[PDB]
Structure formats: structure tokens, C-alpha cells
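One chain comes next, on its own, written as C-alpha cells: the form solved without the named molecule.
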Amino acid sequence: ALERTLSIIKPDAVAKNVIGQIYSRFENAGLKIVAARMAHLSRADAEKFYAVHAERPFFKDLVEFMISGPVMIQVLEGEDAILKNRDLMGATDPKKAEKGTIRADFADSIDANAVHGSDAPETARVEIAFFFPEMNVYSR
């Protein structure tokens, strides 16, 4: 019963050099990094990634904050990986995010919000496949 979710450490949190602290929150919550790479998404990639929000007001900002610098992309595996990741991340608005979460601690605003996590099983499957061939996802 170990599912997988896609996580991105966004360019604001990479720029702060806290990849390690965030990673440790995943690992101490019993999640395992089974795929990882550092990438700089093109605008096009960010758009396909965020397609589900295309005709939305916050789309422009969400793409441009995702492509402003390098990001750290990983597949996290474990029991209830998707929801555990979401608990660790906290609310999308840091202002309304609980103490001890990744966003409360590292997010500068709604746009510069430190991380992404997949929101359900179907989005997790599609996001993992977007960034990684299974050949490079190592279940352990």
C-alpha cells in the first residue's frame, strides 16, 4: 500500500538552499525519495504541467514563479504518500498555513510557496510520468 506522489521544491526554496531541510521532512515522515532530478523548466513545460489551471486568474504568475530558476523534482514513496506530503507542505497560502509545515517555514507568499505536491492519485500518476520515465523511478 505504498503510493507515490510528485514533489517539486520551487525556485524560491532552491534559491534559499534548504533542499536538505525539506528532504529531511519527507524522510522523517517515512517517505522515501525514489526518483529525483534538478531541472530548469521551460515556460512550455510549466504550462503543460499547470494546464488544469490555464483559463484561471493565477495562471500567468504560477508559470513564471515556476520557471524563474532551477527546481528540485522528486518522487516520494510511502504509505499515504500523497496526503502525508500535503500535511508536511501545509496550506497553499503561507499566512493560513499551520506551524511546522514546509510552507509556514519557507514560503514567502502565495506565489513563492516553496513546494508542490500532487493532489490525488490520478494527478500523481500523470505528474510522475511527466517528469520521470519509470526506468528512473526506483521503488525500494
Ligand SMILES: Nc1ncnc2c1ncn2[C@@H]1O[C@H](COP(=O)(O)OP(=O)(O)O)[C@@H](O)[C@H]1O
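The first residue of the shown sequence is 1; numbering continues from there.
Keep in mind the form deposited with the named molecule bound is missing from the figure; the text below concerns it.
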Establish, in the deposited complex, whether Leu62, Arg103 and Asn113 all lie within 4.5 Å of the named molecule, using non-hydrogen atoms for the distance. yes
Using a 4.5 Å heavy atom cut-off, which of 104 to 112, 40 to 48, 67 to 75, 27 to 35 contacts the named molecule in the deposited complex? 104 to 112
So, in the deposited complex, is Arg86 in contact with the named molecule at a 4.5 angstroms heavy atom limit? yes
Verify the contact flag for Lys95: yes if a non-hydrogen atom of it lies within 4.5 Å of a non-hydrogen atom of the named molecule in the deposited complex, no if not. no
